[PDB]
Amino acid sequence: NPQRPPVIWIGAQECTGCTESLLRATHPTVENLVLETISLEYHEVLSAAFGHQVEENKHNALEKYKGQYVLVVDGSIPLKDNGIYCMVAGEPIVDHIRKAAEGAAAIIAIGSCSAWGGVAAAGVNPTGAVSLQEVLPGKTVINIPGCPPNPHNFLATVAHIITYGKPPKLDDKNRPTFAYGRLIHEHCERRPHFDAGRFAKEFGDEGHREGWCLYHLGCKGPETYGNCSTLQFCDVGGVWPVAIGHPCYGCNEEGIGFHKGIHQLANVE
């Protein structure tokens, strides 16, 4: 019955989808994550304590595990109007995040919102939402983008920190290479169809119903880094957007997802 590595999870402008990804995980399952792999010292979605009790839990953990915990943040951080678009216990979330970051052993931005602003920072950006990295300029933030990522993109990052004592290898956006090191289109099983000019033109057409390439439906695989075509989702086999019949939207990738229209064509290298 050894001690487990501590984790503090703070949600900013988050839809909760990134936490929810954990409920689909199988290696580890969320119950084994929290009972065996880590000690989840703060997570407002699951914690028994509320209010003043859960704020006491955070302070006690920040002290007990100073220099030792992994800080995880989902959601963007809104800077407009002095932080008031996300207030918890009467204070701007950016202040909670900066405080928790001071004592962190490692810091992870789970999801596109915390990794690069994501949907919440799109369009006119009503709240001046920014990334975790932007609010922590002095820290190396590990970015695990996707909306939400496959949960094991996160869990295997945490396991590498635990098991081998350092972060996994990262690209120049501080994304783990095992998950984000290649364009989806450079490892997509519909590339033969692309190459042959075999394209779906509309959902339900004959090419679509033969599993042909979705480029002409707006697939963003050519300009999105990720592992969606290989790792896929939910561990049942065969399940990712393109395999189900819908183009990649680029949700991993800044300037693609939530910026380009679904049916807008990608640039191809």
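Start at 1 and count along the sequence shown; that's the residue number.
In this crystal structure, the stretch out of 130-138 and 69-77 whose C-alpha atoms carry the higher mean B factor is 130-138. Stretch comparison (54-62 versus 31-39) by mean CA B-factor in the PDB entry places 54-62 on top. Reading the B-factor column for the CA atoms of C86, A179, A100, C147 in the entry, the top value corresponds to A100. Across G117, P151, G111, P168, the greatest Cα temperature factor reported in the deposited entry is at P168. Per the deposited record, the Cα B-factor of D235 falls in the lowest third when ranked against the other modelled residues of its chain.
For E186, the recorded CA B-factor ranks within the middle third of the chain. Only modelled residues enter the ranking. For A196, the recorded CA B-factor ranks within the highest third of the chain. Only modelled residues enter the ranking. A105: CA B factor in the highest third of modelled residues in this chain (values from the PDB entry). Per the deposited record, the Cα B-factor of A121 falls in the middle third when ranked against the other modelled residues of its chain.
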